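Asker: Requesting a structural model of the entry that follows:
(chains A, B, C, D, E, F and G, ligands or ions: 9)
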Amino acid sequence: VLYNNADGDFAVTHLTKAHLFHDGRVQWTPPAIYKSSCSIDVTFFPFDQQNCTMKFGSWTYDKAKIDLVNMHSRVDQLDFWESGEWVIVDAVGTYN
Amino acid sequence: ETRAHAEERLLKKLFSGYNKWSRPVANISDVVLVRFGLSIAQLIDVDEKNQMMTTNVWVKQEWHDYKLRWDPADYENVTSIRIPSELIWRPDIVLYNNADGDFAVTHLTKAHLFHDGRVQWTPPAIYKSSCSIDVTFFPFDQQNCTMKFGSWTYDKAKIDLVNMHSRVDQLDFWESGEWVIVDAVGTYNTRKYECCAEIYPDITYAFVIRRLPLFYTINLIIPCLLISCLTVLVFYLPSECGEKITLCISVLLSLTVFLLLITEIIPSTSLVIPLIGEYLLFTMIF
Amino acid sequence: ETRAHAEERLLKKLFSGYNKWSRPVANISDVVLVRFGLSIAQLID
Amino acid sequence: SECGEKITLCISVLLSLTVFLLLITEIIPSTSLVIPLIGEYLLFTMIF
Amino acid sequence: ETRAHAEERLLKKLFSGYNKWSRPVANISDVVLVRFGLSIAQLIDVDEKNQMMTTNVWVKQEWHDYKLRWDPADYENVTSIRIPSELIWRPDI
Amino acid sequence: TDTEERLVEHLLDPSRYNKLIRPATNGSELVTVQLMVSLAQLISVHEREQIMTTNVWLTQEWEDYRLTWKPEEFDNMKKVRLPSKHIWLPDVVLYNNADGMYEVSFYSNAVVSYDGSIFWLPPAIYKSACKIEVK
Amino acid sequence: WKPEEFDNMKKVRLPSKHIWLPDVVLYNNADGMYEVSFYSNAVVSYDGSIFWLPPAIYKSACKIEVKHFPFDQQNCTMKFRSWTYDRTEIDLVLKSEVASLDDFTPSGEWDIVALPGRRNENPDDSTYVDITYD
Ligand SMILES: *[C@@H]1O[C@H](CO)[C@@H](O)[C@H](O)[C@H]1NC(C)=O
Ligand SMILES: *[C@@H]1O[C@H](CO)[C@@H](O)[C@H](O)[C@H]1NC(C)=O
Ligand SMILES: *[C@@H]1O[C@H](CO)[C@@H](O)[C@H](O)[C@H]1NC(C)=O
Ligand SMILES: *[C@@H]1O[C@H](CO)[C@@H](O)[C@H](O)[C@H]1NC(C)=O
Ligand SMILES: *[C@@H]1O[C@H](CO)[C@@H](O)[C@H](O)[C@H]1NC(C)=O
Ligand SMILES: *[C@@H]1O[C@H](CO)[C@@H](O)[C@H](O)[C@H]1NC(C)=O
Ligand SMILES: *[C@@H]1O[C@H](CO)[C@@H](O)[C@H](O)[C@H]1NC(C)=O
Ligand SMILES: CC(=O)OCC[N+](C)(C)C
Ligand SMILES: CC(=O)OCC[N+](C)(C)C
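Answerer: Residues are numbered from 1 along each chain as shown, chains lettered A, B, ... in the order given. Ligands and ions are numbered 1, 2, ... in the order given. Take a look:
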């Protein structure tokens, strides 16, 4: 679930079909619309560069039962749709 | 020997003949002591015009269930498991002063069950409660918004609330830059309603929040004062200049606009009048 | 023989006694390693 | 001074600056930790 | 004897082999006549800028089901009952 | 308790209790439902939209003879809490509502006495349309 | 089924929620609604051909060009994909090269110019297939 949710959904609500392989591996890639709160710095507006974060973690399973492995560090942008108002300088996930 | 077999073995045993519609007490006269606490995640909104407060909280609950007990020695030394919250009896703690929100917890995350029957449930929630707004000293105002929690259908003789801790946890509070929590304490209360002949306990949390008065001072106060400074200059202006009326008319139409802008921020309550509203109005009269 | 029949048989076998409420780990000491990643579709607002 | 338009010009400038400040206020968050440079510049210009 | 008991017996009998996915006509060539009507409750809004009309209506429908018939004399004179609309075939208007 | 769980299973046992059937007795009779609105707060009265939002408790009381039991046989239990979604309810709704939400907000439990009396007091946030006088 | 064994019935209506569906969705939707809005019945022929025509209100993201406002022309696209099966499982095909306007209601503010449809593959992926209407 998204820890810093704000007025949105805590957990994914679309629940697509999971791809299950014969060796037990499961791949589940559902979509989600997330409204995450982030601190806005407008000192240099309109030439500002915001730094908004999204915190993901298991709600009820501790590190001794579920451990998250950072598949890749940076957020995948292969299917990104250009907004025309913002440019993603760098999106990196940090394991804490 | 294995967990996904032992834990599965344990899960099957627990939910064999479990009834989720019955208060979990071995004796009728017993009381289900629910330890209730709040951990605020952030203060999403403090809307003054609508007199409502939106918050993100973790509704810490904890109670004993006598049917969900086992001996860890029998199950490969499993001391605790995570179980669905929709399969077990839960207290119906609702937010009494709900305005434009949900009365109960609607997310139903998993609960942590310990071998002695203790059940820990910490579901997240977004509560939109109603609180009286006093804007007498706006923008230096200090609000006091309260959230009332209690069981809805069980009286004090069946379910009783225990203050987990007096103060609302704030370790993970998200600072917004507009509001600062001065204190947030839950107070235990009991009272009788005309509905029912039994005492219904409740825990009320009082969030005393203080606004940081530098945005509205920079953006409303100083611009208001600067225009008020021009109120008197019309009397030093020579009549031959032919600009006296232009100066004072412009001042009047500016102060009027500022009053309406403030009118759209403060609540429409008619009990108290803001000091800023009084000052603007009196300047407009003069 | 057809793939649909084989898949029906496989689904019947897999979910015969599957309990979704239990952690899927072979052993007590095991930990479910969940590989996590985000792909951004669009920055809405 | 004989033109009889100094007051009109300066008052118009003042009110235009105030309106633009109010427009800015409808975009930026109501936070008290940082202040935009555009806002500071507008406020200093209004004071002068 | 009690009306509730008779209604329970009737409900058990009616939905014994009822299919809600099939058109309720004794013959394929038959046509289901669905008397359709509207009862406006309030004209909520008329959005000129967006060119939409919001209305609050009661969509009165009425048809005939040949498999939901019974004799009231055999069920303590029960002439009608209220059943969830999701247990019976409905027109997809 | 074991006795309370047994009573709950016995009362709502679907083989003997059908929640879709009105609890009519003595023949073609009607079930008398008592109403009482308790106003908890007047949240807002929008004049532009002509909608009044209220926080009310909608007391509802009726008699369900099918939920009767003998206290002697159940450890002298006089009343039990049943989930309102699993018993017959009179579908009492805010008919003149705005925003198209007819039913209550929470669906609390129903306090059932041993003599079949039912007591349901669900909370609700109601948005009702009303005619605003501007004169 | 064999019509002769079922009173010579050639086609029947079955609920679309109780038969296998290709989870074709509006991939580039802008409000998070992927599926169709109604989930009507599917007309099934006796030979196994399924014909499903559900209605839908869609909100797709568009790249609005403002250089020539108010004499501007917009090129908004709708990309359809199956968010469950890849190209090795189901192959999407175009029934026609253009969208149908047989039951179209003229807008009044916007004039329709062209509604072509194209089936796109990825030569580098081989598991990607979509149909885009411009
Ligand atoms: C963005 O914020 C995160 C956490 O607040 C920090 O670790 C990171 O260095 C920041 N990046 C920039 C470019 O400011
Ligand atoms: C689980 O792992 C522990 C430590 O690796 C081992 O002692 C135990 O025998 C294992 N259990 C099974 C059922 O393999
Ligand atoms: C329940 O508690 C009461 C009071 O402590 C006691 O009199 C009664 O015997 C208890 N019930 C049982 C079954 O032990
Ligand atoms: C059971 O587990 C606990 C910790 O969960 C440990 O302290 C204890 O030694 C274990 N006992 C046995 C017999 O494995
Ligand atoms: C806040 O409100 C509560 C109840 O309205 C009251 O008991 C408490 O004293 C108030 N605190 C302050 C600091 O005003
Ligand atoms: C159904 O109607 C058609 C036309 O009226 C008729 O030929 C046919 O015999 C009818 N079916 C039965 C079973 O009577
Ligand atoms: C059955 O009920 C109807 C009214 O619903 C009444 O007119 C009729 O007399 C009743 N018949 C019997 C046999 O009770
Ligand atoms: C056990 C449990 O549900 O904990 C929830 C709190 N959190 C998300 C900080 C771990
Ligand atoms: C019995 C019951 O439902 O009571 C609801 C009202 N309350 C919380 C004031 C007792």
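Asker: Count the residues that sit near residue 69.
Answerer: The chain I'm using is chain A. Residues within reach of residue A:69, counting by other Cβ atoms under 10 Å in any protein chain shown, total 10. Just so you know, the C-beta spots here come from the backbone N, C-alpha and C atoms, and that holds for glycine as well.
Asker: try again with chain G
Answerer: Neighbour count of residue G:69, defined by other Cβ under 10 Å: 8.
Asker: ok, so what distance separates it from ligand 8?
Answerer: Between residue G:69 and ligand 8 the distance, using Cβ to the nearest ligand atom, to the nearest Å, works out to 48 Å.
Asker: With adjacent residues omitted, what lies nearest to residue G:104?
Answerer: The shortest distance from residue G:104 to any residue other than its chain neighbours is 7.5 Å, reached at residue G:112 (Cβ to Cβ, 6 or more residues apart in numbering or on different chains).
Asker: looking at this, that neighbour is in a strand?
Answerer: No - when DSSP: H, G, I helix; E, B strand; the rest coil is applied, residue G:112 is found to be coil, with no strand at that position.
Asker: Confirm residue A:44 sits in a helix?
Answerer: No - when the secondary structure is assigned by three-state DSSP, residue A:44 falls in coil instead of a helix.
Asker: quick one: contacts for it?
Answerer: With Cβ atoms under 8 Å, 6 or more residues apart in numbering or on different chains as the criterion, the residues that contact residue A:44 are D:36-37.
Asker: hang on, the residue nearest to residue G:104 packs against residue G:101?
Answerer: Yes - proximity of residue G:112 to residue G:101 meets the contact threshold set by Cβ atoms under 8 Å, at 7.2 Å.
Asker: got the phi/psi numbers for the residue of chain A found nearest ligand 2?
Answerer: Of all residues in chain A, residue A:64 sits closest to ligand 2, at 13.6 Å by Cβ to the nearest ligand atom. Main-chain dihedrals, residue A:64, degrees, to the nearest 10: phi -80, psi -10.
Asker: Could you find the closest non-adjacent residue to it?
Answerer: Of all residues apart from its sequence neighbours, residue C:31 sits closest to residue A:64 (Cβ to Cβ, 6+ apart), at 6.8 Å.
Asker: With chain E as the reference, measure out to that neighbour.
Answerer: 44 Å (Cβ to the nearest Cβ, to the nearest Å).
Asker: Which residue of chain A lies farthest from its centroid?
Answerer: Centroid-distance maximum for chain A: residue A:22 at 28.4 Å, with Cα atoms, centre = their mean.
Asker: which SS state does that one fall under?
Answerer: The local conformation at residue A:22, judged by three-state DSSP, is coil.
Asker: roughly how far apart are it and residue C:14?
Answerer: Taking Cβ to Cβ, to the nearest Å as the measure, residue A:22 and residue C:14 are separated by 10 Å.
Asker: And the residue of chain G closest to chain F?
Answerer: Evaluated by Cβ to the nearest Cβ, chain G has residue G:37 as its residue closest to chain F, separated by 17.3 Å.
Asker: Count the residues that sit near that residue.
Answerer: Neighbourhood size, residue G:37 [other Cβ under 10 Å]: 11.
Asker: residues contacting the residue nearest to it when sequence neighbours are not counted?
Answerer: Leaving out its chain neighbours, the residue that sits closest to residue G:37 by Cβ to Cβ, 6+ apart is residue G:56, at 4.7 Å. Residue G:56 makes contact with G:26, G:35-38 under the criterion Cβ under 8 Å, 6+ apart.
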